[PDB]
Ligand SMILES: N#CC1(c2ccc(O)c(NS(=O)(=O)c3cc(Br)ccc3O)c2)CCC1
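In structure tokens, the next block holds one chain alone, the form solved without this ligand.
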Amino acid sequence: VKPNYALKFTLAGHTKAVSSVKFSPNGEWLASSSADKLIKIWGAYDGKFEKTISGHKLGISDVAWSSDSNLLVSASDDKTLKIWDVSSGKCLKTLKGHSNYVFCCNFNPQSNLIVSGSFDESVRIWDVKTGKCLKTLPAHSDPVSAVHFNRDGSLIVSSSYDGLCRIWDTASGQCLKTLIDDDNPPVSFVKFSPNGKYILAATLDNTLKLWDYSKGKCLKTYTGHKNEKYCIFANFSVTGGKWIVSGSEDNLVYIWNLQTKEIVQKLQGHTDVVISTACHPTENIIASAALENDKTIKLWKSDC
């Protein structure tokens, strides 16, 4: 009925606002990125700092894991992405081609492609093996806030400040669907649901919306949190109860019942905007991260 997430750890070390946290697919690690130009790796279960990965020339807005938990990709204001070997900490490839800040990134499930979005208003698809850009998509008319592959990597969803969410065919780079809203608020985040049938989109009017993109039908809206300014991550929690999880500009983590849309828990502890949250792949664990008055990551655990 309701989860009971409780604070287990506070992870300090970043020296500027944290931007993104992601659990490894194997559940062992959390990676974080920051405006401080660093990636840090932490133990998912004991919160123990593992290592710092450095090399970007400017701040990092996003980080993502490969399926074998062996590679990370990061998206930086330095206009590049970097692919890293997590075990050695070494930069394997630098992905060059965007003409402005790279804001978001993700591997496909196969882990042979990376998708990125940029302030340059494009979405790029990259070959992991060669580090070469395969496709540049003239995707949006304003900064691209999020990019995400579906369950089998055949589709990409992108969101933008231009007010659109778009679905793309990975192989051809073609736009298959545009989702619109008459009042046209900036879209600050999007991702596919775990089954790939829906997308969850955040807009800067304090609203999260679950869409059946095929039908162009909005099925659920989640409200009551604060999101008017930042590109805050949201998540489907599937390990126990079925929840939607998001950060908020009132310094809380919000958790909603997926079906009823009721807020079922608010997690208190951060002292600045909660810009990023992540849900552990097998356990009822949430990671949350906050902006520069706080600069910490918190790990929370629930029984359901």
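Numbering starts at 1 and runs along the sequence shown.
Not on display, but discussed next: the form solved in complex with this ligand.
Visitor: Where, among 41-49, 66-74, 255-263, 24-32, do residues come within 4.5 Å of this ligand in the entry with it bound by heavy atom distance?
Guide: Heavy-atom contact with the partner occurs in 255-263.
Visitor: At 4.5 angstroms, heavy atoms only, are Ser246, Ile285 and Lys301 all close to this ligand in the entry with it bound?
Guide: Checking in the entry with it bound: none of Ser246, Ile285 and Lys301 is within 4.5 Å of this ligand.
Visitor: Could you tell me which one of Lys135, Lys96, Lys220, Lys177 places a heavy atom within 4.5 Å of this ligand in the entry with it bound?
Guide: Residue within 4.5 Å of the partner: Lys220.
Visitor: Tell me, out of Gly131, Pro194, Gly224, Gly89, which residue has a non-hydrogen atom within 4.5 angstroms of this ligand in the entry with it bound.
Guide: Among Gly131, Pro194, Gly224, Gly89, a heavy atom within 4.5 Å of this ligand in the entry with it bound occurs only for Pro194.
Visitor: Considering non-hydrogen atoms and a 4.5 Å limit, does this ligand approach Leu210 in the entry with it bound?
Guide: Contact with this ligand, yes.
Visitor: At the 4.5 Å heavy atom threshold, is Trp84 in contact with this ligand in the entry with it bound?
Guide: Contact check for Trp84: no, nothing within 4.5 Å of this ligand in the entry with it bound.
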